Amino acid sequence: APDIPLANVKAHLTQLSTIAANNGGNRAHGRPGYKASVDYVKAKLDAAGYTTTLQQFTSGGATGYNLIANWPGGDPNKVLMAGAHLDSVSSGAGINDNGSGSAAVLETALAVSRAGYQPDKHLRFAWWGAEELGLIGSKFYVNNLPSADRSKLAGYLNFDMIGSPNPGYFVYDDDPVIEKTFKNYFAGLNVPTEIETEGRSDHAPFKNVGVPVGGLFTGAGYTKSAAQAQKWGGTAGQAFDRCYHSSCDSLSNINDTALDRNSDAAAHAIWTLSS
């Protein structure tokens, strides 16, 4: 797998930050900063050669969108998906929650095209709307995916909050092959990981219909323990993300090292699991 350039991921976050500032301070469902976020991500994918689909739904009286991006080619009967919710709460720009996962997934999709990769499995990336309303976009996708297409899914990888400023390195303890893939990447860095428990994200509708899932998380409102600060640094007794769901979930609310490592781990897992 390629090394995902941290600067490229950070540049997507800058664009999402400007989109929030240009649209009332947020990227929330039913508000213009969300569709503007979709438009940015979709244009990058279209230019890289993806087949993109805007999947519309209505929730709360307002139109929502999921953005689906299929990389042409690969085994139609073995589809590997990766995704991230692209909405924020209305209090702020949602840069860690979840610009971080959205940007890592986008940069991995662009890296596939830059590398000339032809995965054996068909790759499909997704950016979900209305996750903050209760997983509404990812539930809509799974609810509207015919059972014959559901059975073609080899896995769903989820990235939701992966740049927390006082990070831990959590790996979902779900499908064993996906989990092993992520833990192997972190072992090569000599960075320990822990099982995710803090978390309620967009892998749940896939997990609940038997699709193998996994993912990465760096923590939200829970407090980092003394033991976790000893293994990862940062500040014991402070939240992993002191700006969770806050107006201060801005460009300053990112730990570059965690964003870089989790973005690189995302690309590692997508390459490994697709061929």
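Sequential numbering from 1, following the sequence displayed.
In at least a third of the other PDB entries of this protein that model the residues around it, residue 199 has no coordinates. A chain break between residue 199 and residue 200 is present, corresponding to 1 to 3 residues of the deposited sequence without coordinates. With 25 to 33 and 53 to 61 compared on mean CA B-factor from the PDB entry, the stretch scoring higher is 53 to 61.
In this entry, 224 to 232 has the higher mean Cα B-factor, the comparison being between 224 to 232 and 210 to 218.
For the set 107, 173, 97, 131, the PDB entry puts the maximum C-alpha B factor at 173. The PDB entry gives the largest Cα B-factor of the residues 151, 193, 138, 88 to 151. In this PDB entry, the Cα temperature factor of residue 127 sits in the bottom third of its chain's modelled residues, the lowest group. In this PDB entry, residue 83 carries a Cα temperature factor that places it within the lowest third of its chain's modelled residues. When all modelled residues of the chain are sorted by CA temperature factor, residue 115 is found within the middle third.
Per the deposited record, the Cα B-factor of residue 186 falls in the highest third when ranked against the other modelled residues of its chain. Per-chain ranking of the deposited C-alpha B factor places residue 46 in the highest third.
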